[PDB]
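Experimental structure and sequence below.
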Amino acid sequence: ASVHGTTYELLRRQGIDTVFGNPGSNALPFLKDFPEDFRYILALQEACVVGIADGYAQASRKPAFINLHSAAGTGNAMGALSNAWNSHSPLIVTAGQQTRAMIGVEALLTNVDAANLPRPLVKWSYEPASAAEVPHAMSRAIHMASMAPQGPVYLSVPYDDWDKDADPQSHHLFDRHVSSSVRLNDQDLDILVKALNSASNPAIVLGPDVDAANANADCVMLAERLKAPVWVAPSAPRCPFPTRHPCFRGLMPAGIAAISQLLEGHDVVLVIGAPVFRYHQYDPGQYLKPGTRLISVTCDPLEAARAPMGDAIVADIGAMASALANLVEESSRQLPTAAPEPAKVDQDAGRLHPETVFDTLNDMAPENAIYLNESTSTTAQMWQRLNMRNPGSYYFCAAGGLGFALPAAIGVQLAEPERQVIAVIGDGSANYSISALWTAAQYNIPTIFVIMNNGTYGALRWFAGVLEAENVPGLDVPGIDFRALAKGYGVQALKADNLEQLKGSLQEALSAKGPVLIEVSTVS
Amino acid sequence: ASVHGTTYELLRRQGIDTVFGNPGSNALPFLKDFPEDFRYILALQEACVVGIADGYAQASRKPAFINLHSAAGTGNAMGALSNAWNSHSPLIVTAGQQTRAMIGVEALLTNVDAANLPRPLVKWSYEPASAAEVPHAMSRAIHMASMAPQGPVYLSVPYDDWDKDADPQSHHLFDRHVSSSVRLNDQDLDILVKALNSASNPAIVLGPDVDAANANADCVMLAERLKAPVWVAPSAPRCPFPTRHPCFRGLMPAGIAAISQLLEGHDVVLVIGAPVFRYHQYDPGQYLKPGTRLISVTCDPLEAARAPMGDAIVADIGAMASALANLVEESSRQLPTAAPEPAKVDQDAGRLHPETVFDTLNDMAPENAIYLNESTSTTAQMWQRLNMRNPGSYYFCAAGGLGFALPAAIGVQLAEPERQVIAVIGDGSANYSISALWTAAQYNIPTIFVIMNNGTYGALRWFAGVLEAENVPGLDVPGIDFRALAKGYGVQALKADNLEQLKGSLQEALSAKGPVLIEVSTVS
Amino acid sequence: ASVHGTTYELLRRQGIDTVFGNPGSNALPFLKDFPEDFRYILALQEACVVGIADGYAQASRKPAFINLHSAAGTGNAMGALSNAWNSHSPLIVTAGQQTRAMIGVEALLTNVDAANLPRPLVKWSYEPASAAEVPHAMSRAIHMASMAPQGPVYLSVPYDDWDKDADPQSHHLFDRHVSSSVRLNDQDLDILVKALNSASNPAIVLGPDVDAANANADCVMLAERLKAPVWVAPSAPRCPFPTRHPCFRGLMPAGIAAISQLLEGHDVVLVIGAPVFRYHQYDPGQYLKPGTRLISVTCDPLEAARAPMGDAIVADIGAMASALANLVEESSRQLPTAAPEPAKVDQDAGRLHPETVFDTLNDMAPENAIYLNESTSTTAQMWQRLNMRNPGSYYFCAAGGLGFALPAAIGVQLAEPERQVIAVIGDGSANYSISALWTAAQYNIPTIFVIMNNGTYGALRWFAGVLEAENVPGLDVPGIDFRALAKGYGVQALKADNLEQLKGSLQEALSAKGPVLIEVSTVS
Ligand SMILES: Cc1ncc(Cn2c(C)c(CCOP(=O)(O)OP(=O)(O)O)sc2=O)c(N)n1
Ligand SMILES: Cc1ncc(Cn2c(C)c(CCOP(=O)(O)OP(=O)(O)O)sc2=O)c(N)n1
Ligand SMILES: Cc1ncc(Cn2c(C)c(CCOP(=O)(O)OP(=O)(O)O)sc2=O)c(N)n1
Ligand SMILES: [Ca+2]
Ligand SMILES: [Ca+2]
Ligand SMILES: [Ca+2]
Ligand SMILES: [Ca+2]
Ligand SMILES: [Ca+2]
Ligand SMILES: [Ca+2]
Ligand SMILES: [Ca+2]
Ligand SMILES: [Ca+2]
Ligand SMILES: [Ca+2]
Ligand SMILES: [Mg+2]
């Protein structure tokens, strides 16, 4: 067998059937004879390739496979890999390298010192020392991406390796099963359960690895048993809990003092599937108030090590959430009371308040819609205004790297064809990965893109205002016609300059058979 | 003085007056109070930021200064840095980091292990250990980018450093002059001159560092004295010689055997300002034929070390070219005969042959036009069909990384406001950095963009044909309306479906007062 | 030809004839059939291997070739490489890797991610992608080590590559000549010469790259012409000037304020072949006083970039020193007056003051002796008390890494068989690389080792005293019998408990036919 044939067999046997890519000559011997049971999804720039694959992996809860061209293609994707690292996204990034005979002279298209290129944003990065090693290296990549804590990996493969003979002993790779589905030993688990049962005023904080594990329902059971309020850890990449459940208390503000004050009076705070914590703004103060004990369950040693407070348990989130949900006592305390309806912001017949947009989406979208957020000045209001009952309903760039949501929404929609995806993207953010729109058109992936056009990098103008920072350049982005950009890439385009038109455009978009972009004029 | 004030003083004293950027919160304390004598050039994605800065640096022959946001912004620019590394572009890449107090917890927006991120594509990469070190680190960055061999450098700066007190002793940084304007010692230079004077059939090969040094005219003198044919080294990022000079022999094919055969019978081959060699295709054979001696003059130790053949001298290209041009004898051999006119390809009233496009550009464009090439299947014909008399007239992605020419053409045009820039970009290539168009519109930088629309990644289809590789996915890019994309970003848009319309559109574009995009329907 | 045969041919053709090594199985296919024209020098631990090679390279002014075993052997040598980096020592470090078929499984003896292991202490670090690349990679290593600024490089080679067929086109590697023997262009050199000729009170500071270049005599001429005092840059790894020449002013103290005060009133300070500056102690103040201009000539861009003050010129030290020495005017100012005799410290009939040891060495040793210093509390007195007339007469661990001088003295003695080497090593320092003694015995390399036994890490006790730091552990090293250690490794051993015995032992040692260790009881 060739390295090509053995590698595709390995991929298929390991459940991979899609290649997200932007092609180049170094990968031609890999892409030729492309198997009929695989699908190739082309995107026009590598940030888009990786963002699409990332959304697909996150929504499908399975690894996604990528093929890029050399250093330039890898390089173009490195901002996307920063997000993938923070979201624990299981991405297998392969990159075509020059033929081994041309590497020493540093021929054009050579990826110099290739494995160092994507560091520090990958779990594992490698170039095999021989062609016959390639299937084994691919196996390593699959499992490194897939083991807890999941994350992106990188494999560089010389052009000429594919046609070479594989090791017949590579068949042993095909059906390997590798599990990290582990939970705390019984003795120490019983000690934790007892501490939860004994808490007088517990609280729960949930992060993105809950949603990745589909541990949401187990966390609902846990919260109901403990009669505990539930917060989403700050800077949330995903939504881990039904947002109209009576225990839900919303998104924690990303500040040290803000969080310890929210947690004050809670004697035990159980954090599941989050870093402790993904703070953002400078908000100095106490990590916890006196009287609060924190216990973190994380899938990631690097998270456990860096928490500034609390105990930690490093284990699989799904296995821990299921165990805890089934072992805790039913508390006799009263269930928390649901948060009220948010207020309706007054809206005239002019430009749209963001709040109006989110209220209208919540009203009109299917109850199993999936939202993406890259509208950076409006996140808090979005989280208060969307009723998201189901898992897998929300994604936000986990490293704050713009250019995620537009391509990721395409990958999520590909993963979840029955669930309408609605990406709410600022006018600034929309440009980073604009060319991803083409993939939605070409493959008829019916994502809806809602562009929040306020003319500015509003979150930066706001921050500059908080600082009283004057004379800051580069904060405005006038003069972008998003309907023309959508036409450029073959996506149906609508506008909404007022609420009547927003409702009209949403109605049209929700019934369309293809992707649709709606440019919304929002208050600036 | 603050670190902010001292750093801007250092930059101004070192000749920097422009910041190419995409802003973020980590850089707000750097960008606030932006000096009135500086200009900020915003671009919408970091590949575009760096490509614009790169064109500006390459054309201006001086360092360009960049400011990006954290890991995601840096990451989005890493494909652009792959090109900058290969072109020896003096780029000072700064990236905003989190406040030092929030780095340990890995707050959102922290650039983890920041200095490793852009490796291996930078000459120097650093994060200072204290605020007062920042001006010194900036000095290091300026000089590392600027010393031969020039190249990109990276500096990560925590948010909170800018407002801190600077070291008063940082004034010693302001006026440092650092020179690498060096040439071979007299004794060994005389030995080289004697070998050149004694050669019976010399040839000269020139690379991009000649044009970077503005050594072009000295190389013309050298070639005339030696009566030597002159080739451009393969995969050429720049044009180092007048392309209708009688000695000019064009672009070398990027193959081992092809080059040794071209050089056969030449007893001494003098290579100046190129790697030996930037081969591309697999073309195995002899590095040199018997009877050919190669001598390389390079500004880059890494080039000298990796050449598979020949002697080398590591020195400044400008200083070596001037010395050699003035020291060699005038040979009594006959001057080489100019290459003939290329043939005119037959052209019907339909879609344009690329050859027709280049012939028409050569006819219509000013004699001091500057061309960029990212039309990958047409490079050989472009090089034969454009009379480029002047230095600084040609740029091509030096690492083969697409997404260079569109933004770089904007930066070149900004550097050279009196010289009409014409970027010839394939339909595939145009997408990688499409959003750069906006910068041209916003700042009214009057670049002309000629999109070669053949519907495909033609260079890849061709290669697949050479291989007889079947069933390769992802090679076609139908369904892109480049006039709509140009409208999206505020750039005047024209079409050319036939030669009459090409001439009409070029006439209109050449007289426009702003940037213009022309979508050309080319034979596929 | 095999890779083995081609590689040894390359090494011989490039002037390499000695392999400094500690063997292992991964290197057996390299070491077998060891050519009869090469010599292998075994040392018992890899810090010793590299230190011996380093002394040999520094004294011989040519690259030295090393072979180590995998990661553990490389790792054991990394402290030695820290010194080699700071001394610009041209060291070609090769390390045996596992067979390519066993690398993926990470068999015992695999060097994982090998090229990253010695970073950041090497100029270039690499593992070839195929066997036939190995000769080319070796060529790269030779030239990278040898080009200015010289330094250590690393090459990892899989076991199985050696027996494979080489590329016949690797013959083009054999006789490559690569030069970095460059100096400032004439126009700018004339500007520098004019500034030197116009200075009213110039001073000269010289660093180790002067001695490496054998630029010493040119610097003497330069100093005599300019009538300038000459200092050695701080933390000196080498001696660049005759220490009883009338211009000589000794070793600069390694502090910021101390140096600017020494330079006060000097209008132009010319630094040659040094960093600006290798400060050590915290001594804050002005980098230069008002009225002092500094101009640095350095072979190292990294030095030029990081200087906090002054202009810089990056060029070959030998070529610049020769040019400047021959171009400056003869000043009419008076020649500086020689420094007086240092005082004689009162010495009773008991333990030896270090000053007494150095005075006695200066009296008794041949005028062409070579000294090494790893007696860290006595450096200033050593520099004042040894008349070192000739180049190549002094070495001190350039990164401050102990374990250098004992092995390096063996390599220096091997390089310079006619010059008696005398290594003055503290009792603490002697242990780091103690096993190097064996190599001197086995090869009968007649180095003299003078162990300064004060029972302590005296430089650390002194520093702790300056700080008034109490309760510091680990500063004393009682209970070491250096004569027994010398016997252990087959080296003749002497003691000196008083001055009479010191003179007796030195007399015996100087006339011995083999290496000799003298344990001196020094005042503590
Ligand atoms: C790749 C990248 N570049 C720059 C930024 C900095 N950035 C920028 C540029 C923001 C403004 C986004 O503007 P928008 O129009 O998408 O949304 P708002 O107007 O609601 O802020 S928010 C933010 O962190 C980033 N996070 N990621
Ligand atoms: C960033 C990046 N991604 C992918 C490639 C691979 N690539 C691709 C995708 C090419 C086709 C470009 O198509 P085009 O339409 O711009 O021009 P032609 O149709 O004339 O080839 S040529 C080439 O090397 C690359 N070099 N750089
Ligand atoms: C490898 C290494 N380890 C530790 C040190 C720290 N160190 C130590 C341990 C010194 C004392 C050396 O003691 P000595 O006996 O050799 O000489 P003195 O008694 O004259 O100080 S000086 C110094 O910097 C070092 N520089 N290098
Ligand atoms: Ca409602
Ligand atoms: Ca699915
Ligand atoms: Ca906005
Ligand atoms: Ca014509
Ligand atoms: Ca200009
Ligand atoms: Ca095309
Ligand atoms: Ca004396
Ligand atoms: Ca010798
Ligand atoms: Ca001691
Ligand atoms: Mg990296």
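That came through, no problem. Numbering: from 1, shown residues only, chains lettered A, B, ... in the order given. Ligands and ions are numbered 1, 2, ... in the order given.

Does the residue of the stretch 301-450 of chain A found nearest ligand 12 lie in a helix or a strand, and which?
Closest approach between the stretch 301-450 of chain A and ligand 12, counting by C-beta to the ion: residue A:305, at 39.7 Å. Where C-beta positions appear, they are placed from N, C-alpha and C, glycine not excepted. Element membership of residue A:305 [criterion: DSSP states H and E] is helix A:301-306.

Give the buried residues for that helix.
For helix A:301-306, burial by neighbour count (16 or more other C-beta atoms under 10 Å in any protein chain shown) applies to A:303, A:304.

what do you get for stretch A:47-67?
Per 16+ other C-beta under 10 Å, stretch A:47-67 contains these buried residues: A:47-61, A:63-67.

Sort out for me which of those residues are in helices.
Of these, the ones assigned to helices by DSSP state H are A:47-60.

Pick out whichever of the residues you listed sits closest to residue A:158.
Closest approach between those and residue A:158, by C-beta to C-beta: residue A:49, at 20.8 Å.

gap between that closest one and residue B:221?
Noted for residue A:49: a distance of 49 Å to residue B:221, by C-beta to C-beta, to the nearest Å.

repeat for residue A:152
Distance of residue A:152 to residue B:221, given as C-beta to C-beta: 53 Å.

Compare those two (neighbour count), which wins?
Higher neighbour count among residue A:152 and residue B:221: residue A:152, with 34 against 16, using other C-beta atoms under 10 Å in any protein chain shown.

Please verify my assumption that the more buried one contacts residue A:81.
Yes - counting by C-beta atoms under 8 Å, residue A:152 does reach residue A:81; the two are 5.3 Å apart.

quick one: common contacting residues for those two?
The contact sets of residue A:152 and residue A:81 overlap at A:91, A:93, A:118, A:121, A:122 (C-beta atoms under 8 Å, 6 or more residues apart in numbering or on different chains).

ok, and the last one, which helix or strand is that part of?
Using DSSP H and E, residue A:122 falls within no helix or strand.

and the gap between it and ligand 13?
9 Å (C-beta to the ion, to the nearest Å).

Count the residues that sit near that residue.
Neighbours around residue A:122, by other C-beta under 10 Å: 24.

Please state the backbone phi and psi of it?
Dihedral pair for residue A:122: phi -130, psi 150, per degrees, to the nearest 10.

where's it relative to residue C:468, distance?
49 Å.

ok, now the fourth one?
In this structure, residue A:121 lies at 47 Å from residue C:468, with C-beta to C-beta as the measure.

The two - which one has more neighbours?
Higher neighbour count among residue A:121 and residue C:468: residue A:121, with 29 against 6, using other C-beta under 10 Å.

what number of residues lie near the residue nearest to the more buried one when sequence neighbours are not counted?
Nearest-residue entry for residue A:121: residue A:81, 4.3 Å, with adjacent residues in sequence omitted and distances by C-beta to C-beta, 6 or more residues apart in numbering or on different chains. Residues within reach of residue A:81, counting by other C-beta under 10 Å, total 31.

Strands along the stretch 301-450 of chain A, start to end?
Counting by DSSP state E, counting those that start in this stretch, the stretch 301-450 of chain A has these strands, from start to end: A:311-314, A:370-374, A:394-396, A:421-426, A:448-453.

actually the stretch 101-250 of chain A, not the one I typed
Using DSSP E, counting those that start in this stretch, the strands found in the stretch 101-250 of chain A span residues A:125-126, A:153-158, A:203-206, A:230-232, A:248-251.

I'd like to know which residues of chain A are adjacent to ligand 2.
A:22, A:23, A:24, A:25, A:69, A:72, A:73, A:76 (C-beta under 6 Å from any ligand atom).

try 5 Å this time
Proximity of chain A to ligand 2 (C-beta under 5 Å from any ligand atom) is limited to residues A:24, A:69, A:72, A:73.

Might you report the residue contacts of the second one?
Neighbour list for residue A:69: A:22, A:23, A:24, A:25, A:26, A:27, A:46, A:95, A:96, A:109 [criterion: C-beta under 8 Å, 6+ apart].

Repeat that for the first one.
Listed by C-beta under 8 Å, 6+ apart, the contact set of residue A:24 reads A:68, A:69, A:70, A:73, A:96, A:109, B:460.

Closest one of these to ligand 3?
Nearest to ligand 3 out of these is residue A:70 (C-beta to the nearest ligand atom; 41.3 Å).

My understanding was that that closest one contacts residue A:94; is that so?
No - counting by C-beta under 8 Å, residue A:70 sits too far from residue A:94 to count as a contact (11.2 Å).

Looking at those two, which one has more neighbours?
A side-by-side neighbour count of residue A:70 and residue A:94, using other C-beta under 10 Å, places residue A:70 first with 28 against 24.

Quickly find the element holding residue A:40.
Assigned by DSSP H and E, residue A:40 falls within strand A:39-42.

Note down every partner strand of that strand and its orientation.
Strand partners for strand A:39-42, identified by DSSP bridges, are recorded as strand A:18-21 (parallel).
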